[PDB]
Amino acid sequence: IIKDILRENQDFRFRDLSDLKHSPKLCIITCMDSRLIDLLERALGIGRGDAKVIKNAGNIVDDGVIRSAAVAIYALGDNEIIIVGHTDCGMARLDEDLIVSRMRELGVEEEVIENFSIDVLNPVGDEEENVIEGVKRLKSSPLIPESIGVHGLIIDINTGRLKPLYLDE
């Protein structure tokens, strides 16, 4: 039997926690904000190999996020997702006009500018509501099994203190 154990082991790979049976299989969804680098990891007690991480502007759950989370679930065994918003994000406070002025400045086609406006501007609530909304989207998605735990938290961008908004399980 040792020969069969060795042959199978030559293909075994311990890449991260997903390759173990008793560790957390975590996926974190958060913002691209530079103040979250390092701080978020320490604040969550996370290190290398501890979680799959998705990041975009404002940690808004769109189709791309859902698809990446689904990859994490079906290919990497993730069974817990945590959206982490943060204070002083501002995606809930953009300067539409100033932004439009700059694009129009570099000659960006009006058609393009208009699309951008409807797609990224107008659509978005404030920090805590954006997180709750993201939780609802993930839980409502036919790509996300209900056996997956989905939590929503908001972190103080200066102190790292976490405030829970929604706790699943």
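The first residue of the shown sequence is 1; numbering continues from there.
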task = Tell me which of 156-164 and 8-16 has the higher mean C-alpha B-factor in the deposited entry.
result = 8-16
inquiry  = Please compare 124-132 with 106-114 and name the stretch with the higher mean C-alpha B-factor in the deposited structure.
reply    = 106-114
task = Can you pull the Cα B-factors for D50, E41, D119, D62 from the entry and say which is highest?
result = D119
ask   = Which one, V84, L94, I81, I73, has the peak C-alpha temperature factor per the PDB entry?
value = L94
request  = Relative to the other modelled residues of the same chain, rank the CA B-factor of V100 and answer lowest, middle or highest third.
outcome  = highest
